[PDB]
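A.B. asks:
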Amino acid sequence: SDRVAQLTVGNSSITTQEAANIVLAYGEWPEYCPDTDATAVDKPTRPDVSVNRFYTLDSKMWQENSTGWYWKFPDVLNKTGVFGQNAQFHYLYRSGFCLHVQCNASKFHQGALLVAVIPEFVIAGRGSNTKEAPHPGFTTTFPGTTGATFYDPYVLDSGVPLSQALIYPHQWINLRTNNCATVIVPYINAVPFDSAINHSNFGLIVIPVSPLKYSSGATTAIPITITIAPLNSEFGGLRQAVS
Amino acid sequence: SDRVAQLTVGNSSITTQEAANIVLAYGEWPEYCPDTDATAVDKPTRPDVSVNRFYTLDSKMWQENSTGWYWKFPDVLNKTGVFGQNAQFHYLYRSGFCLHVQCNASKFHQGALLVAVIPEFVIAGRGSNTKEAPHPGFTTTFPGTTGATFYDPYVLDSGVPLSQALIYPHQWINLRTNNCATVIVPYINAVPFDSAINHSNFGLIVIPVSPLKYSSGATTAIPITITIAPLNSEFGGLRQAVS
Amino acid sequence: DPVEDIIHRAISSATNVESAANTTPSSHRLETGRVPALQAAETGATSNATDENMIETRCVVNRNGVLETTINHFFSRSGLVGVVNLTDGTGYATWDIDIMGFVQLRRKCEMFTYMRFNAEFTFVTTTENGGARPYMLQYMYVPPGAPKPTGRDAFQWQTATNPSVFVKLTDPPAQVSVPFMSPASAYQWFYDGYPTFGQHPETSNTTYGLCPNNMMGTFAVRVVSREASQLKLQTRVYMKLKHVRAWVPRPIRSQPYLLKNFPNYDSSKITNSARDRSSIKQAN
Amino acid sequence: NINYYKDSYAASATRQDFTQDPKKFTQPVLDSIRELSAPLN
Ligand SMILES: CCCCCCCCCCCCC/C=C/[C@H](O)[C@H](N)CO
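Chains as they are written, first to last, in PDB author numbering: chain B, 10 to 140, 143 to 254; chain B', 10 to 140, 143 to 254; chain A, 2 to 9, 18 to 98, 103 to 297; chain D, 29 to 69. A prime marks a further copy of an entry chain.
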């Protein structure tokens, strides 16, 4: 009655039989923008079925010497589905999310992942220059659906240590206990509406802390799939398409 | 709600996740000596935190050809801690106990132990003489913290068969079911107070009935640890130290 | 009667806490099924095992103060944010107001993502040999878009609209209060995004992380005189965060700092968070 | 509790806050767990 769960959003549903729990980020639910906090004077669009559903990204194979991964939200969904078409025709944007990272392994495998959610996750450059200076490319800061591997996961590629990164909303995927992590995140920004193309709010991060080990003869290919879903999404400022 | 337990006594606590149940010896709890049964005319000392806590003894490796083991209580705690110092300065003694024998093994191991509690367990000699006669040494009758291995576990080294030894308070450590046995014993003696140095009340006994078997490649070292704890202990008759 | 499906809370709870928590007396537990020591760290929650359920405790009426640890008493301590060098003989000096250049107050402010505060500046101006020479100074505040002064005696120093402070070197140091001047609803120290649209490059994009909601203007200073006096100056600007609110905590910096606006580090020399010891099996 | 200007930001530090709400950082989960029970069952 606690290890079994089902999450139906839109026309899609996720079952699980070996879950742990569900984490609300900072104790709050994603909701629509109230009238006392809105600053635009147009009426927003709210599709509410066509954009609030579970989108499944690609799978990441987890190996012995993986140094870890990061996506940007809502960067990964600007080109998939009707959420990718409403986020290009409209200047303004507001949503929550509901994340789910699946990774199964047998009773003879061991290891652990750290699935956390970092608001305003800024990538650092990797040079000893005091001004010129190195800055990350656009496919490194805004990677898309294929993510990006960390170079230095010990400092999260931002000069900030992983050992204190449990202050963010997070779960663990311990292969002897569970196989999935679920984090529900509200809209966290200093402005009520903001653009979905320039500004990615937060970044999902999956880093294997204890490495994958298995005895000989076991299944060598352990993939990590990620299924995300917008919640309470609304757009504004209709114009022509800009990607 | 029955396989999980925690036992906090004093400043120490034991967790377990694969237990069976807890046995009260003869349906009674250890308590203090009432005024209608006391025979001394001095006031007893009751430390109640410093002497009522879980003392962990050493570990016994369990092998293929083990014939079994026995300790004497309160012999093993006359030299450890503040219970070992209150049992030397004081002539009189009264307590209960709370025993816990830990032994874990994997899902590919098999075997069973018999953890019983024998009041007034008298060691026999092993000679065919009708008077001189052989009698056991002092390190065989009162072994201490290192215990003593049985020579003939089929007759419990006292001419009394093991097959009827389930009349004592006991549990089993079956390696497919549990990993720990807990027996809570009151004070069983014909006198209200008695000396803690001459007279050991009962004896804990761990005998492997069905032997340890494991297939090749498994972990070969299976230890047996024993963690005991006095309960409701009180002393009397202060004098100089006698060990 | 029409289409039907057109018709179709939180967790935390704040408590006013004055002193630290007390401790109630405990006893011994001898029973099965109820275990406070076993946790599951995979659920994303911290352990809730209190010390009354691990050991046997006593009754302690605790009277310690939890007052100095709040975010108002932690940030209302003024520290150095900028040093303006003025050598007279172009005659003036400017300073783009950016407090991310000095490291004592930066690392305290990088614990959080969004902060909303008022400020209280103080300008300690001395000479290069110690100070105290009776000359008169002018400190303008130039908002974004206002014309910066282009000369020692230019017309932008008439100062008919924007604020300015006249004070001598031999007076006590000048001190003002500054409101929340951002167009957003919070100063954000980490802005994962780009300010403008367009094709962003791969080699060197110097605009990644630039948050224009934080750029607050320019601070100009001259010596109020006609002929150029010949004396070298330094001002020191001390900001005190007051009336401060903070959101979304984040981990504290562990790597040594490099640039003002960018959180760079070198990957060839990564300093460990814990200083080394001999082995794992000994404590000293 | 005094101010010599009409501008509310020119004042000193305001009244003390005295509150904290650690349940949004320590235990941000839906199924609320007790202490004396196993968290996974
Ligand atoms: C004669 C008075 C001149 C001094 C007046 C200074 C007023 C401007 C201060 C604005 C508030 C602080 C500036 C912003 C803080 C941080 O440096 C920025 N957010 C940098 O990210």
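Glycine included, each C-beta is placed from N, C-alpha and C at the ideal position.
Considering only residues of the same chain and omitting the five flanking positions on each side of residue 226(B'), which have a CB-CB separation below 8 angstroms?
C.D. replies: Your numbering for residue 226(B') matches position 215 in the second sequence. If we look at residue 226(B') and ignore the five residues flanking it on each side, its Cβ neighbours are 117.
A.B. asks: Within 10 Å of its beta-carbon, does residue 207(B') have 16 or more other beta-carbons around it, so buried, or fewer, so exposed?
C.D. replies: Along the second sequence, one-based indexing puts residue 207(B') at 196. Label assigned to residue 207(B'): buried.
A.B. asks: Candidates 182(B), 198(B), 65(B), 36(B): which alpha carbon is nearest residue 23(A)'s?
C.D. replies: In the third sequence, the residue the question calls residue 23(A) occupies position 14. Among 182(B), 198(B), 65(B), 36(B), the Cα nearest to that of residue 23(A) belongs to 36(B).
A.B. asks: Leaving aside the five residues before and after residue 80(A) along the sequence, list all residues of the same chain whose C-beta is less than 8 angstroms from its C-beta, in chain order.
C.D. replies: Counting from 1 along the third sequence, the entry for residue 80(A) is found at position 71. Taken in chain order, the residues that qualify are 257, 258, 259.
A.B. asks: For a test of the three-state rule: what should DSSP assign to residue 203(A), helix, strand or coil?
C.D. replies: Taking the first residue of the third sequence as position 1, residue 203(A) is located at position 190. DSSP places residue 203(A) in coil when its eight states are reduced to three.
A.B. asks: Mark residue 237(A) as exposed unless 16 or more other C-beta atoms lie within 10 angstroms of its C-beta, in which case mark it buried.
C.D. replies: On the third sequence, position 224 is the one that residue 237(A) refers to. Looking at its Cβ environment, which holds fewer than 16 other Cβ atoms inside 10 Å, residue 237(A) is exposed.
A.B. asks: Using a Cβ-Cβ cut-off of less than 9 angstroms, give me the residues of the segment 170-186 of chain B that come near chain A, in sequence order.
C.D. replies: 170, 171, 172, 173, 174, 175, 176, 177, 178, 179, 180, 181, 182, 183, 184, 185
A.B. asks: Taking DSSP's pairing of strands, which residues face residue 233(A) in a bridge?
C.D. replies: Stepping through the third sequence from its first residue, residue 233(A) is reached at position 220. Partner(s): 107(A), 153(A).
A.B. asks: Return the chain-ordered ranges of every beta strand (DSSP E) run that is complete within the segment 53-138 of chain B and spans a minimum of 3 residues.
C.D. replies: Within the segment 53-138 of chain B, the complete beta strand (DSSP E) runs of at least 3 residues are 64-71, 99-111, 118-128.
A.B. asks: Tell me, please, which residues DSSP counts as bridged to residue 215(A).
C.D. replies: Position 202 of the third sequence, counting from 1, holds the residue named residue 215(A). The partner list for residue 215(A) (beta bridge, DSSP) is empty, contrary to what the question assumes.
A.B. asks: Chain B' beta carbons: is any one of them nearer than 7 angstroms to that of residue 44(A)?
C.D. replies: As a working mapping, residue 44(A) is identified with position 35 in the third sequence. Answer yes: the Cβ-Cβ gap between residue 44(A) and chain B' drops below 7 angstroms somewhere.
A.B. asks: Of all Cβ atoms in chain A, is any one closer than 7 angstroms to the Cβ of residue 149(B)?
C.D. replies: The residue labelled residue 149(B) in the question sits at position 138 within the first sequence. Yes, its Cβ sits closer than 7 angstroms to a Cβ of chain A.
A.B. asks: Just the Cα atoms here: how many angstroms apart are residue 98(B) and residue 57(B)?
C.D. replies: In the first sequence, the residue the question calls residue 98(B) occupies position 89. In the first sequence, the residue the question calls residue 57(B) occupies position 48. Going by the C-alpha atoms only, they are around 17 angstroms apart.
A.B. asks: Is residue 13(B) a contact residue of ligand 1, with contact defined as CB to any heavy atom under 6 angstroms?
C.D. replies: Counted from its first residue, the first sequence places residue 13(B) at position 4. The answer is no for residue 13(B).
A.B. asks: Do residue 243(B) and residue 41(B) have their beta-carbon atoms positioned less than 7 angstroms apart in this structure?
C.D. replies: As a position in the first sequence, residue 41(B) is number 32, starting the count at 1. As a position in the first sequence, residue 243(B) is number 232, starting the count at 1. Cβ distance < 7 angstroms, so residue 41(B) and residue 243(B) count as in contact.
A.B. asks: For residue 191(B'), which of helix, strand or coil comes out of DSSP?
C.D. replies: Within the second sequence, residue 191(B') is the residue found at index 180, counting from 1. When secondary structure is reduced to three states using DSSP, residue 191(B') falls in the strand class.
A.B. asks: Between residue 86(B) and residue 177(A), what straight-line distance do the alpha-carbon atoms span, to the nearest angstrom?
C.D. replies: Locating residue 86(B) in the first sequence gives position 77, where the first residue counts as 1. Locating residue 177(A) in the third sequence gives position 164, where the first residue counts as 1. When rounded, the distance between both Cα atoms is 50 angstroms.
A.B. asks: Give the DSSP-derived three-state secondary structure of residue 204(B) in the structure shown.
C.D. replies: Here the question's residue 204(B) lines up with position 193 in the first sequence. Residue 204(B): coil per DSSP, three-state reduction.
A.B. asks: Round the Cβ separation of residue 221(A) and residue 146(B) to the nearest angstrom and send it over; I've been treating them as touching at under 8 angstroms.
C.D. replies: Mapped onto the third sequence, residue 221(A) falls at position 208. Mapped onto the first sequence, residue 146(B) falls at position 135. That pair is a contact at about 6 angstroms.
A.B. asks: Taking residue 19(B) as the reference, give the member of 39(B), 64(B), 10(B), 49(B) with the closest Cα.
C.D. replies: As a position in the first sequence, residue 19(B) is number 10, starting the count at 1. When each option's Cα is compared against that of residue 19(B), the closest is 64(B).
A.B. asks: Expressed to the nearest angstrom, what Euclidean distance is found between the alpha-carbon atoms of residue 277(A) and residue 265(A)?
C.D. replies: On the third sequence, residue 277(A) is found 264 positions in, with the first residue counted as 1. On the third sequence, residue 265(A) is found 252 positions in, with the first residue counted as 1. Those two C-alpha atoms are separated by around 15 angstroms.
A.B. asks: Do residue 229(A) and ligand 2 come close, with the Cβ less than 6 angstroms from some heavy atom?
C.D. replies: For the structure depicted, ligand 2 is absent and the ligand set comprises only ligand 1.
A.B. asks: Any chance the segment 10-19 of chain B sits against the segment 168-179 of chain B, with 3 or more Cβ pairs inside 8 angstroms?
C.D. replies: no
A.B. asks: Just verifying my parser: in three-state terms, what is the DSSP assignment at residue 121(A)?
C.D. replies: Here the question's residue 121(A) lines up with position 108 in the third sequence. It is helical.
A.B. asks: Pick helix, strand or coil for residue 210(B), following the three-state DSSP scheme.
C.D. replies: Here residue 210(B) refers to the residue found at position 199 when the first sequence is read from its first residue. Residue 210(B) falls in the strand class under three-state DSSP.
A.B. asks: Quick check on this structure: which residue in 230(B), 114(B), 100(B) has the alpha carbon closest to the alpha carbon of residue 203(B)?
C.D. replies: Translated into the one-based positions of the first sequence, residue 203(B) becomes position 192. Nearest C-alpha to residue 203(B): 100(B).
A.B. asks: I need the boundaries of the alpha helix (DSSP H) containing residue 82(A), first residue and last residue.
C.D. replies: On the third sequence, residue 82(A) is found 73 positions in, with the first residue counted as 1. Taken as a continuous stretch (DSSP letters only), the alpha helix (DSSP H) holding residue 82(A) covers 80-84.
A.B. asks: Identify which residue in 22(B'), 23(B'), 30(B') has its Cα closest to the Cα of residue 180(B').
C.D. replies: For the purposes of this step, residue 180(B') is taken as the residue at position 169 of the second sequence. When only C-alpha atoms are compared, the closest one is 30(B').
A.B. asks: Does DSSP put residue 32(D) in a helix, a strand or coil?
C.D. replies: Taking the first residue of the fourth sequence as position 1, residue 32(D) is located at position 4. Note: residue 32(D) maps to coil in three-state DSSP.
A.B. asks: Please list the partners that residue 18(B') has in chain D, where partner means a Cβ-to-Cβ separation under 8 angstroms.
C.D. replies: On the second sequence, position 9 is the one that residue 18(B') refers to. Going along chain D, no residue has its Cβ under 8 angstroms from residue 18(B'), so there is no contact; the nearest lies around 17 angstroms.
A.B. asks: Please report how far the alpha carbon of residue 216(B') lies from the alpha carbon of residue 39(B'), in whole angstroms.
C.D. replies: Counted from its first residue, the second sequence places residue 216(B') at position 205. Counted from its first residue, the second sequence places residue 39(B') at position 30. If I take the Cα positions, the gap works out to 20 angstroms.
A.B. asks: Between 210(B'), 162(B'), 156(B'), 167(B'), which lies nearest to residue 80(B') when the distance is taken from Cα to Cα?
C.D. replies: For the purposes of this step, residue 80(B') is taken as the residue at position 71 of the second sequence. Among 210(B'), 162(B'), 156(B'), 167(B'), the Cα nearest to that of residue 80(B') is on 156(B').
A.B. asks: Among residues of its own chain, excluding the 5 on either side of residue 254(B'), which ones have a beta-carbon nearer than 8 angstroms to its beta-carbon?
C.D. replies: Sequence index remark: in the second sequence, residue 254(B') carries index 243 (1-based). The residues are 87, 88, 97, 208.
A.B. asks: Please check if any C-beta of chain D sits within less than 7 angstroms of the C-beta of residue 36(B).
C.D. replies: Taking the first sequence and counting its residues from 1, one reaches residue 36(B) at position 27. So, interface residue.
A.B. asks: To the nearest angstrom, how far is it from the Cα of residue 108(A) to the Cα of residue 28(B)?
C.D. replies: For the purposes of this step, residue 108(A) is taken as residue 95 along the third sequence, with counting starting at 1. For the purposes of this step, residue 28(B) is taken as residue 19 along the first sequence, with counting starting at 1. Their Cα atoms are separated by approximately 55 angstroms.
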